[PDB]
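Here the protein sequences come in this chain order: A, B, C and D.
Per the entry's author numbering, residue 1 is the first one in the first sequence, and the count goes up by one each step.
Per the entry's author numbering, residue 1 is the first one in the second sequence, and the count goes up by one each step.
Per the entry's author numbering, residue 1 is the first one in the third sequence, and the count goes up by one each step.
Per the entry's author numbering, residue 1 is the first one in the fourth sequence, and the count goes up by one each step.
For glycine and all other residues, C-beta sits at the position ideal for the given N, C-alpha and C.
4 protein chains.
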Amino acid sequence: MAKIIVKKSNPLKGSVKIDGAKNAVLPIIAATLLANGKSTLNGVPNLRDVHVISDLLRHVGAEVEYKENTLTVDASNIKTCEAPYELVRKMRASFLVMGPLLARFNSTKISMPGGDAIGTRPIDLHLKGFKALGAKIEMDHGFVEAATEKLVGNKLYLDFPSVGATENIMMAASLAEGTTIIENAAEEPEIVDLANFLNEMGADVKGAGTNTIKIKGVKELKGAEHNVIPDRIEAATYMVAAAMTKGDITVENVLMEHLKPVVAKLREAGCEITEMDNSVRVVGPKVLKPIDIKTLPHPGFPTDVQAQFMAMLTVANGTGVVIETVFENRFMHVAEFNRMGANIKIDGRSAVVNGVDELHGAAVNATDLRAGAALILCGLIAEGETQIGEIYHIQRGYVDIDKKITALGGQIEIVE
Amino acid sequence: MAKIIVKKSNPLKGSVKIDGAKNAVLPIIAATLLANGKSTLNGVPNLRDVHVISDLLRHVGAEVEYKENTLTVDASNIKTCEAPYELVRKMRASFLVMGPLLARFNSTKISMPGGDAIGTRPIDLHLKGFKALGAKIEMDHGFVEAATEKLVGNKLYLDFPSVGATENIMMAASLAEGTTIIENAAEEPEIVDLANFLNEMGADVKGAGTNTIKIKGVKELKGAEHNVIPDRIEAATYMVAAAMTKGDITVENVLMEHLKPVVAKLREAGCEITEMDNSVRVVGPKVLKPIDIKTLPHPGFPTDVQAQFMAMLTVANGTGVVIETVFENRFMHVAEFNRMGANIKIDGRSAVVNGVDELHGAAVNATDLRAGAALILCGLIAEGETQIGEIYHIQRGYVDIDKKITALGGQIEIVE
Amino acid sequence: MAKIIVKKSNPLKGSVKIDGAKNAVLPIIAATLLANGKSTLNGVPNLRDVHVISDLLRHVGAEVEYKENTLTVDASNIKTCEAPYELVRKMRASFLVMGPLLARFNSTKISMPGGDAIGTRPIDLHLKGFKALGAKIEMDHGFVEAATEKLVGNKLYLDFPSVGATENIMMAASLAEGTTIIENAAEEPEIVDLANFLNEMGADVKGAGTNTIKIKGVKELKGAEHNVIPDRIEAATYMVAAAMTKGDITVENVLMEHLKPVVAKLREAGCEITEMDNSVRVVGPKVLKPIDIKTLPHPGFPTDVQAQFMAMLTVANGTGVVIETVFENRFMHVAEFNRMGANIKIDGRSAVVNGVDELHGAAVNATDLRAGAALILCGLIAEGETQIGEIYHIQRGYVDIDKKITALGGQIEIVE
Amino acid sequence: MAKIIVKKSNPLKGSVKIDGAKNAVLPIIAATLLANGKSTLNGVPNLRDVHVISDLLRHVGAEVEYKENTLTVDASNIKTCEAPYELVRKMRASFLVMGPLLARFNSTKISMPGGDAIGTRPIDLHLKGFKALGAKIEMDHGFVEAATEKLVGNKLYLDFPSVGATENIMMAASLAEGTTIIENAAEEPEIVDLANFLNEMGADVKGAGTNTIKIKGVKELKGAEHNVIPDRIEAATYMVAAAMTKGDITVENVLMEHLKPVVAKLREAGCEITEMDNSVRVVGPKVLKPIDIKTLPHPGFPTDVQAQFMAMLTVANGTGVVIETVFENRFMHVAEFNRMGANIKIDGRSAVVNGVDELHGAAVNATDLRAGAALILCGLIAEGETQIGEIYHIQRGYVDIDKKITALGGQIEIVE
Ligand SMILES: CC(=O)N[C@H]1[C@@H](OP(=O)(O)OP(=O)(O)OC[C@H]2O[C@@H](n3ccc(=O)[nH]c3=O)[C@H](O)[C@@H]2O)O[C@H](CO)[C@@H](O)[C@@H]1O[C@H](C)C(=O)O
Ligand SMILES: CC(=O)N[C@H]1[C@@H](OP(=O)(O)OP(=O)(O)OC[C@H]2O[C@@H](n3ccc(=O)[nH]c3=O)[C@H](O)[C@@H]2O)O[C@H](CO)[C@@H](O)[C@@H]1O[C@H](C)C(=O)O
Ligand SMILES: CC(=O)N[C@H]1[C@@H](OP(=O)(O)OP(=O)(O)OC[C@H]2O[C@@H](n3ccc(=O)[nH]c3=O)[C@H](O)[C@@H]2O)O[C@H](CO)[C@@H](O)[C@@H]1O[C@H](C)C(=O)O
Ligand SMILES: CC(=O)N[C@H]1[C@@H](OP(=O)(O)OP(=O)(O)OC[C@H]2O[C@@H](n3ccc(=O)[nH]c3=O)[C@H](O)[C@@H]2O)O[C@H](CO)[C@@H](O)[C@@H]1O[C@H](C)C(=O)O
């Protein structure tokens with residue numbers, strides 16, 4: 001079955017355009033279910049996960065059409081409010097339809113997500129929020145059911161600033177009676193994008209991007225047209241690629257405000273970075289300086305760039321420590337990096353990376369979306385050739401990584 | 001030597017006035033060193049740690065006068081910029097004079113803090129910030145020295161949203177040439193109070209309380225008059241006391257905006273809480289519902305109320321999990337709680353509290369400020385009598401806890 | 001694709017015969033490569049992993065024949081000493097041919113194992129041991145190569161009492177010149193079985209099952225006939241099944257000496273256990289008492305029964321804590337148990353299990369061998385029907401679990 | 001108050017005689033309470049902790065006499081079986097009189113140990129064992145009471161191979177009716193010494209030093225004469241001193257069998273070690289090679305040499321990782337090492353030591369017995385002078401460390 005073949009490459013040089021954010025568009029697609037009319041989403045990335053959630057919207061009876069990076073949803077005449085086991089198992093972001101469906105129908109039944117490659121990942125804080133809004137919660141044979149005679153706005157505190165729980169509860173709150181206050185809200189840029197979309201549909205959401213979100217519920221929302229924000233994680237991936245290959249890459253159609261920790265840490269590692277209004281230039285250093293990273297809720301260092309930064313550190317000039325505070329098990333890639341000659345030792349949530357002279361190409365497997373991209377970055381600097389398996393992990397969340405890296409001068413091909 | 005004797009008490013009832021914040025006033029006292037004139041701080045709590053940092057200001061040559069909760073500092077004619085080993089060992093918040101002294105003199109030498117009861121507690125992020133502003137850092141026999149021909153404003157990223165590093169770097173930045181940007185800043189209320197004081201002296205500090213602080217440096221600051229914010233941790237201590245004793249307590253001279261996670265979690269445990277503009281009423285439940293707590297950077301659940309909430313949970317109606325993400329070793333109190341008949345098991349940063357019918361009075365020792373207060377709360381509900389040793393831990397950070405609890409109906413005395 | 005369907009079952013009752021140990025036979029099959037003649041292994045379990053390592057022996061040029069639980073190996077005329085990427089990826093126990101091949105040929109090249117479902121799982125201690133015996137170690141594009149002009153016996157210390165490193169180093173030492181001492185050796189029963197087999201071939205291995213193994217190297221080993229020990233993990237699985245179903249099961253063809261922690265902990269949970277010379281009877285309690293388990297090196301509680309005991313605890317009468325000290329990531333099953341209505345919270349290496357009234361059948365996926373068996377145990381007690389996917393995990397290490405449970409009265413079928 | 005002053009020293013050279021084991025003699029002194037007659041213990045080290053437990057024996061009514069490294073106990077006419085709060089707080093090894101007193105009187109009441117510098121340190125496994133022998137356990141105001149009409153031998157499993165629980169339960173079992181089996185027993189050398197002493201008094205204890213101890217109870221024990229084993233931790237301290245100072249030290253009156261992991265790891269770091277029947281010679285390397293250490297139950301690497309090895313690693317030629325699996329909080333020394341210019345970063349139970357060119361003398365505080373000795377070792381290699389406070393930690397468990405190091409050529413003095 002299919003492989004990505006990467007060879008030892010020249011320093012990457014040129015421009016790369018970044019696609020629309022996967023993690024902005026998935027919650028915004030769920031949010032289209034809130035509205036009694038037709039939404040138009042522009043800058044949608046052509047990714048399998050976008051097409052899976054589209055099929056979940058079709059399952060509940062929305063009219064969905066995709067072409068040329070535009071998705072339209074007519075949720076006027078939704079029929080059903082159950083998300084079946086197969087769709088939630090394909091893509092756990094399926095769970096983000098629970099808030100809108102509860103808000104629209106006052107009842108919903110959603111398959112509970114199971115095991116995940118990067119950790120246990122419970123959805124208790126989502127349920128906490130729905131209960132605070134007056135929903136009664138029951139489990140039935142792997143499904144979570146939430147139902148109420150009417151959602152009522154209430155104050156609630158998030159024990160952790162969960163992205164998904166913030167999104168699900170903001171969407172449920174948008175049609176509740178009265179005012180909801182989410183305390184200790186996630187501050188991620190995708191939260192702001194979602195809130196902006198809800199306000200475009202006629203909602204009243206204030207404070208997104210701060211620690212407190214206030215939602216004043218409205219009776220009805222209407223379809224709206226929205227431009228999704230750029231993918232800050234894809235942008236960061238190409239920025240790391242410039243750092244690791246001693247390259248010179250201009251990343252186009254980005255928002256620097258969303259990349260601050262990645263810019264800071266790449267500068268600490270020795271990159272020269274030029275921030276512009278719609279683009280950033282990254283010049284890799286001749287010697288990578290070892291740095292430590294600690295993943296945290298935004299605007300701390302993002303867990304979605306942890307594997308990529310770890311790959312950079314495998315050839316840094318000394319010892320770097322990577323601490324993962326956000327996910328339990330997000331070190332599955334370490335054994336694959338070690339197959340390529342890295343020197344990485346883990347205990348608990350910390351990995352000690354002892355820089356080596358060079359990586360060596362080897363047969364490796366993608367374990368998840370972001371680690372698979374980290375393996376491509378390893379492959380560009382590893383002596384010889386690297387063959388990466390289980391490539392569906394990568395292909396589901398990066399648009400045409402083979403074409404984009406090829407245009408920057410790298411040696412990469414997908415063999416089917 | 002001295003003991004606090006607590007007996008099984010009646011439900012606490014009445015009003016308690018909260019003192020000025022220890023953790024607001026300590027950095028604000030350091031900040032008075034920035035100014036060429038006389039500052040006046042009102043609402044200063046009469047605590048030993050306030051009197052120790054006052055003696056450190058006298059050591060560097062400031063004129064300090066304390067009476068009736070007002071402290072005045074004339075830093076016009078500071079002489080020296082070294083903080084010796086004895087003062088830093090007495091109180092590690094001594095380290096917060098490093099930023100102001102570097103900013104005033106372009107040189108400072110500060111004893112590095114050593115072991116602490118609640119964890120290792122490095123000051124690497126403070127030094128990271130001073131280096132970003134152009135200081136060269138050297139160690140000499142237990143001292144850290146920072147020196148520059150001139151501080152220059154620069155962008156810098158905090159790997160963790162350290163309270164102390166945020167404070168130290170904001171104060172150093174206030175007299176630097178140009179603009180400093182602190183990314184991933186601490187959002188704690190004391191950060192806002194300090195920033196407000198710097199702006200009262202003539203600084204230009206924007207964004208305090210958000211994830212990004214921008215400081216535009218000025219050439220000179222002038223003495224100013226400031227009213228310190230209330231002590232949110234003392235307020236939380238009395239709120240927990242009402243919860244544990246099935247009491248009814250109005251906490252006076254507080255800011256509800258600063259207590260949101262404590263209010264939320266006490267409500268989840270079954271308290272009825274009435275929030276007013278300058279006060280909060282807490283009515284304890286007849287049965288405490290078990291809750292989980294996870295400490296986090298503000299506005300997440302504060303590590304400074306973790307031991308007190310754990311004490312509450314020792315008699316809750318089931319199993320509660322306490323996770324400490326902020327400090328390494330902040331479970332030293334567990335063995336003292338277990339001497340009083342608690343059922344607490346720890347592994348790593350998590351403690352599993354299995355509620356018991358009642359605690360039993362025993363001889364126990366305060367291990368640190370907030371745990372010592374938690375032992376007083378245990379003592380109010382424990383059958384018989386509790387004798388608490390090593391009481392300097394408590395007395396250094398609570399104003400007259402014996403008099404305040406006595407006025408709420410509790411049985412407590414300090415025996416010398 | 002294929003599923004295991006389990007229904008809510010009657011209490012299990014009857015006898016079950018246990019097969020030969022998977023984890024005894026895999027290293028003993030590698031060990032047959034040490035000998036210049038024909039070995040005969042009896043009591044070999046009919047498992048896919050036995051058939052994969054058999055194909056690896058054929059790959060290096062041994063004559064292998066399997067029938068009716070007997071495997072014969074003629075390693076007289078081995079040809080090659082490389083274990084390719086495909087075979088090591090299929091089954092990481094492939095790596096155990098490295099010691100014998102190094103000992104026979106003074107050179108070997110083995111694909112380094114990559115990611116694993118239950119943790120990173122480095123093989124550094126194996127290499128440490130080969131280096132101590134005089135091998136030079138090099139990496140080539142995902143392979144580890146070990147080579148020497150002659151293995152020489154030496155003292156070496158294991159930083160952790162690794163089962164695999166103990167096995168690999170004992171086998172390499174068996175043909176070395178002089179005496180090897182393994183300090184802090186694994187004490188697992190399979191170590192003793194392997195040592196007994198090496199001594200049957202003419203080796204000199206003393207101390208297996210203690211903390212120190214002494215190997216005096218011989219010039220030549222000869223094929224021998226060996227009876228593999230019973231599978232203590234399969235035995236423990238059926239013992240837990242009796243505990244969870246309030247059953248009464250006699251487990252046949254077992255060694256009680258190998259099951260001591262499982263017997264102790266089942267007795268603590270309320271089981272009545274009768275230990276006999278070749279069999280054990282387990283009578284489940286009417287109420288399961290909550291217990292804590294901490295996995296450790298033998299003769300501590302085995303990590304290979306951790307998921308199964310956790311499943312038992314999901315319906316115990318209170319709160320149980322499971323700590324995994326042996327593997328990093330061995331909690332992937334928790335999310336599947338939670339789909340069936342368990343109440344399990346993890347942080348770090350500890351899981352807090354809050355017993356529920358009953359589990360509910362749901363669609364779940366096996367994540368690994370022992371967790372998949374734990375899901376079958378959940379299925380026997382869960383209301384309704386449970387459908388388990390990814391069943392190759394189970395089928396590769398349990399002989400006919402459907403037929404054995406069916407004969408004890410349970411409702412289980414494999415649908416293809 | 002009192003300080004230890006250490007200066008930058010010459011390489012240590014010469015012989016040092018090791019004293020009797022503190023951790024052998026403390027349980028053996030408790031064990032003298034089992035006997036109706038006079039015991040004679042030879043090779044007792046002249047330490048404060050020996051004199052505290054002696055005062056506890058006097059408290060319960062034993063006749064105790066100490067002179068010239070010989071302690072005699074006549075426990076013929078013991079009166080009382082309570083260990084009061086003051087004595088247990090002075091020295092938690094006081095708790096080891098619980099087993100003998102329960103065995104002699106069928107009742108005992110012992111103050112429960114509270115907080116400790118190196119972790120929580122519960123005594124649940126001791127109580128588990130006493131309950132298995134038929135004792136009923138109750139808590140009364142900080143005391144644990146154990147009482148029975150008669151101890152009866154039973155099988156029991158230790159969830160962790162606790163040294164103290166093994167000792168306490170073996171001593172209680174020695175006078176029980178019938179046979180006790182301790183499964184997953186501690187294997188530490190002090191367990192063997194204690195068992196040998198019990199057998200000298202007329203007990204029947206088999207398997208000490210293995211994973212299973214069988215005690216066949218006797219009706220009466222008689223006073224006996226015993227030679228305590230050497231202090232393996234003191235021996236290891238001087239061995240590390242030779243390693244760190246590039247010295248050449250013969251450690252006299254030791255048992256190499258008890259030092260295997262320390263010898264192995266010092267050899268891995270580059271020491272040349274000569275093992276003899278009663279002595280070991282350690283020659284420090286000119287460059288220390290970085291090594292990793294993981295503390296474990298004997299015969300794994302001892303937690304009591306972890307701080308000392310960490311100190312060695314602060315100047316090793318690269319990066320070393322220290323993992324503490326045995327104690328929770330045993331990293332309090334890290335902040336003191338960092339005051340001396342070390343580069344140590346901790347997360348969870350792991351510390352990353354990045355070797356520096358040299359340490360610099362500074363004012364530091366002992367946090368516990370073994371860390372305080374590690375600070376002396378730092379002081380011998382640190383530029384200039386080191387002043388160590390809180391020296392009672394050191395003096396309570398090392399005999400004349402100033403005189404022994406002075407005789408090896410080091411510069412050390414105690415100033416009072
Ligand atoms: C669709 C989408 O946006 N997915 C992203 C979002 O996941 P989400 O699931 O919302 O993230 P969280 O809830 O903030 O999870 C953060 C932490 O909080 C715990 N938690 C979360 C929810 C809850 O109810 N209870 C609870 O305990 C949770 O287990 C985790 O440890 O945020 C993550 C963090 O940045 C990203 O890694 C993730 O990308 C992924 C990889 C991808 O592109 O495939
Ligand atoms: C004077 C004062 O305000 N002290 C308070 C302040 O400590 P501070 O020291 O500033 O807190 P941090 O820097 O936010 O520390 C948070 C975490 O960050 C790590 N870190 C901190 C700084 C650095 O350079 N490097 C680094 O790694 C650090 O080790 C810790 O794990 O904030 C703490 C957290 O809320 C409080 O518990 C503390 O109160 C105390 C108890 C009291 O009243 O005695
Ligand atoms: C074939 C076989 O016998 N496999 C078994 C054996 O694995 P092994 O791999 O030998 O186990 P370890 O080396 O004792 O591993 C124990 C720990 O030691 C770390 N370690 C191991 C080796 C090394 O070089 N370096 C190193 O750090 C390692 O990462 C782990 O955390 O022992 C395990 C522990 O009981 C079993 O779970 C495992 O069964 C499996 C599931 C199955 O049936 O599929
Ligand atoms: C008097 C004496 O011999 N003391 C020593 C002995 O302590 P002990 O207390 O017996 O050690 P453990 O019981 O083997 O403790 C090991 C681990 O087991 C947990 N545990 C222990 C008992 C129990 O009931 N429950 C439980 O959970 C415990 O918390 C720890 O994490 O063994 C330790 C380990 O080698 C030594 O560090 C210690 O020396 C000291 C420093 C000194 O010289 O001052």
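- For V321 (chain A), the residues of chain D that pass the 9 Å Cβ criterion are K345, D347, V352, in the order they occur in the chain.
- Counting along the chain, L102 (chain D) sits inside the alpha helix (DSSP H) bounded by residues 98–105.
- Put simply, the CB of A264 (chain D) is near chain C, with a gap under 8 Å to one of its CB atoms.
- Flagged as an interface residue toward chain A: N211 (chain B), by a C-beta distance shorter than 8 Å.
- According to the DSSP assignment, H51 (chain D) belongs to no beta strand (DSSP E) but to the alpha helix (DSSP H) extending over 48–60.
- Between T166 (chain D) and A186 (chain D), the gap from beta carbon to beta carbon is short of 8 Å.
- The Cβ neighbour count for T245 (chain A), taken over all protein chains shown within 10 Å, is at least 16; the residue is labelled buried.
- For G43 (chain A), the closest alpha carbon among the candidates A:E416, A:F95, A:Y66, A:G341 is that of A:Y66.
- Annotation for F327 (chain A) indicates a beta carbon within 7 Å of some heavy atom of ligand 1.
- Proximity of the beta carbon of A186 (chain C) to ligand 3 is indicated: a heavy atom of the ligand is located closer than 7 Å.
- The beta-bridge partner set that DSSP reports for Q387 (chain B) consists of B:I5, B:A363.
- Taking 7 Å as the cut-off, one finds no heavy atom of ligand 4 near enough to the beta carbon of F309 (chain C).
- From the listed residues C:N184, C:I29, C:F197, C:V152, the smallest Cα separation to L175 (chain C) is found for C:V152.
- Around the beta-carbon of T295 (chain B), 16 or more other beta-carbon atoms lie within 10 Å, marking it buried.
- By the neighbour-count criterion, in which 16 or more other beta carbons inside 10 Å mark a residue as buried, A2 (chain A) falls on the exposed side.
- Beta-bridge annotation (DSSP): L156 (chain C) is paired with C:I182.
- The secondary-structure analysis by DSSP pairs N354 (chain A) across a beta bridge with A:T319.
- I405 (chain C) and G119 (chain C) have their C-alpha atoms roughly 30 Å apart.
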